[PDB]
Protein chains: 2
Amino acid sequence: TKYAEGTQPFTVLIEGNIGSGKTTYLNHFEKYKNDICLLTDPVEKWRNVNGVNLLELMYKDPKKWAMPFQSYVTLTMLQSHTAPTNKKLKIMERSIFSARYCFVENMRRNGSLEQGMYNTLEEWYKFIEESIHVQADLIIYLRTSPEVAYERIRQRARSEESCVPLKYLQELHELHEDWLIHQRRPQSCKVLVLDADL
Amino acid sequence: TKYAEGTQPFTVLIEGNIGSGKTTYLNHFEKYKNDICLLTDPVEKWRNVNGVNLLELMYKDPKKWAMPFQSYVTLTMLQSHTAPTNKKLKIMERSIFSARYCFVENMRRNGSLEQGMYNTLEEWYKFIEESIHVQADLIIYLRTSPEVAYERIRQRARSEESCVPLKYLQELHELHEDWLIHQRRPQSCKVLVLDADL
Ligand SMILES: Cc1cn([C@H]2C[C@H](O)[C@@H](COP(=O)(O)OP(=O)(O)OP(=O)(O)O)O2)c(=O)[nH]c1=O
Ligand SMILES: Cc1cn([C@H]2C[C@H](O)[C@@H](COP(=O)(O)OP(=O)(O)OP(=O)(O)O)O2)c(=O)[nH]c1=O
Ligand SMILES: [Mg+2]
Ligand SMILES: [Mg+2]
């Protein structure tokens, strides 16, 4: 009796650090557009919310903007998770799970999110889990070293990501490990590990 | 196919300004506890989120805390709107509609919520409308003058509300009028007006 329950096909989630090549990997499935539902680069939504760049505001002023930004990230993931499709396969760049277990968690650790903000978000995640169906059958984890991840972010040269230190990517990498390999976080899904260092 | 669709009885929403006597009115239905589902004073949740007083933080630092606070207000309203009950009647203090049309809107107007924060919240409200069933059959509008509303807030003497000016209550009153009498906002429901000046 959850929202979008029984309306979703086999769902594959593409995960990995910033600049791990999530979009590049999903760009290979481009020939089967009419066969597979492909939702790539949700970051473009976050860079342009009716003209407002939430990603830029988050990086410039985390103490003020990390909360509304993560809230919006959660929303867009949800809208993608529950989007209607007549296709037999759906591949998604990112998910609600990485937003929660990797990014929200690290922003709690580094002090970008105050306790009250972290708690508000966590209580939202718990309610979403009982109200909204999130289809997750397989997660492909594009495993990279923080050094290679940093290389790709530099080459793409998003103005918002120009101040991102290697320390930040090292933290996120370890959280990706905790969630997808070390199972320190609650998630019941099949994970395929890939060496994404080309 | 929305969450909690077809599981909700006749729902009455009690609305009105801060200190309009919403709880006092609902306290009269106290004898029929086993007959009517009574969810009063959701503000107590906001004053204590695992020990964090979000209401106090919002009033102390609106530019930083109005966003997470309204996000949590929305959540608690949703949890109350969709709460399971075997009773034939449900009466609710406040709703998701007043949080959106009165409080979020006024915080946008006074600059407590930046555009990006207002937009994030508004996009959440739009998605909630398609995903989650909100039962609303009758709204009882306890109509007060901002002066009488101010009187009651002072007598209750919530430490968080000690700095609330009459200007703020005048703004909220007019928004309550716009929504429930003047129909300035895209909404349609049964409204019973009451003179709550004792
Ligand atoms: C998912 C998510 C991303 N972000 C940020 C980190 C990044 O700067 C940006 C998008 O990163 P990613 O979500 O990793 O997407 P990407 O396109 O950068 O990945 P790839 O290069 O492998 O295709 O948004 C958050 O701040 N919080 C979140 O919850
Ligand atoms: C509903 C709501 C309340 N608030 C704040 C305003 C008040 O300080 C506090 C509770 O206000 P009310 O929701 O009006 O609850 P109340 O108990 O004060 O009402 P009454 O006296 O009529 O029983 O929470 C918001 O900031 N945003 C909201 O969306
Ligand atoms: Mg990408
Ligand atoms: Mg009350």
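Going by the header, the method for this PDB entry is X-ray crystallography, and the resolution given is 2.50 Å.

**Quick word on the packing of aromatic side chains**
Across all of its chains, the model carries nine aromatic pairs over all chains by this definition. Taken together, a centroid distance of 6.1 Å and an interplanar angle of 85 degrees make the contact between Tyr3(A) and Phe127(B) edge-to-face. Remark: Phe127(B) occurs in helix α6 (residues 115-131) and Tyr3(A) occurs in the segment before β1 (10-15); the pair is interchain, linking two chains. Where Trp46(A) meets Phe69(A), the ring centres are 5.9 Å apart and the plane angle is 85 degrees; that geometry is what we call edge-to-face. In this pair, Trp46(A) is assigned in helix α2 (residues 43-46) and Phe69(A) in helix α4 (residues 62-81), connecting sequence segments 23 residues apart. One cation-aromatic arrangement involves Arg108(A) over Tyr118(A); the distance from NZ or CZ to the ring centre is 5.4 Å.

**Points about the sheet that holds strand β3 (residues 89-93) of chain B**
Residue and element names in this part refer to chain B. Strand order in the open sheet formed by five strands is β2-β3-β1-β4-β5, with parallel pairing between adjacent strands. The sheet is open, and its two edges are formed by β2 (36-39) and β5 (190-195), each paired on a single side. Direction aside, the axes of adjacent strands within the sheet are offset by 20 degrees on average. Sheet topology note: the strand β1 (residues 10-15)/strand β4 (residues 138-143) ladder contains four bridges and is parallel. When the bridges of β4 are listed, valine 12 appears paired with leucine 138. Where helix α8 (residues 166-180) meets the sheet, it contacts β1, β4 and β5, and its direction lies at approximately 145 degrees from that of β4.

**Regarding the site of ligand 2**
Residues and elements named next belong to chain B. Around ligand 2 sit 24 residues in total, of which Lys22, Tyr59, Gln70, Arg94 and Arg156 are the nearest. One of the backbone nitrogen or oxygen atoms of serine 20 is found 3.2 Å away from an oxygen atom of ligand 2. Side-chain polar atom of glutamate 161 to an oxygen atom of ligand 2: 2.9 Å apart, as the coordinates give it. Against a free-state accessible area of 590 Å², the protein chains account for coverage of 98% of ligand 2. At the level of elements, α1 (22-26), α2 (43-46), α3 (54-60), α4 (62-81) and α5 (96-109) are the ones that each hand at least two residues to the shell around ligand 2.

Rules of the game
- Residues numbered from 1 in each chain as written, not as in the entry; some residues may be left out.
- Chains lettered and ligands numbered in written order.
- Heavy atoms only, no water.
- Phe/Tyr/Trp six-rings, centres within 6.5 Å; stacked < 30°, edge-to-face > 60°.
- Helix = DSSP H or I, 4+ residues; strand = E, 2+ residues; numbered from the N terminus.
- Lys NZ or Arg CZ within 6 Å of the ring centre and 35° of its normal.
- Pairing = 2+ DSSP bridges.
- Axes fitted to C-alpha atoms, helices over the stretch in contact; angles between N-to-C directions.
- Contact = heavy atoms within 4.5 Å.
- Near = heavy atom within 4 Å.
- Polar contact = N/O pair within 3.5 Å; in protein donor to acceptor, adjacent residues only side chain to side chain.
- Areas by Shrake-Rupley, 256 points an atom, 1.4 Å probe, with all protein chains shown as cover.

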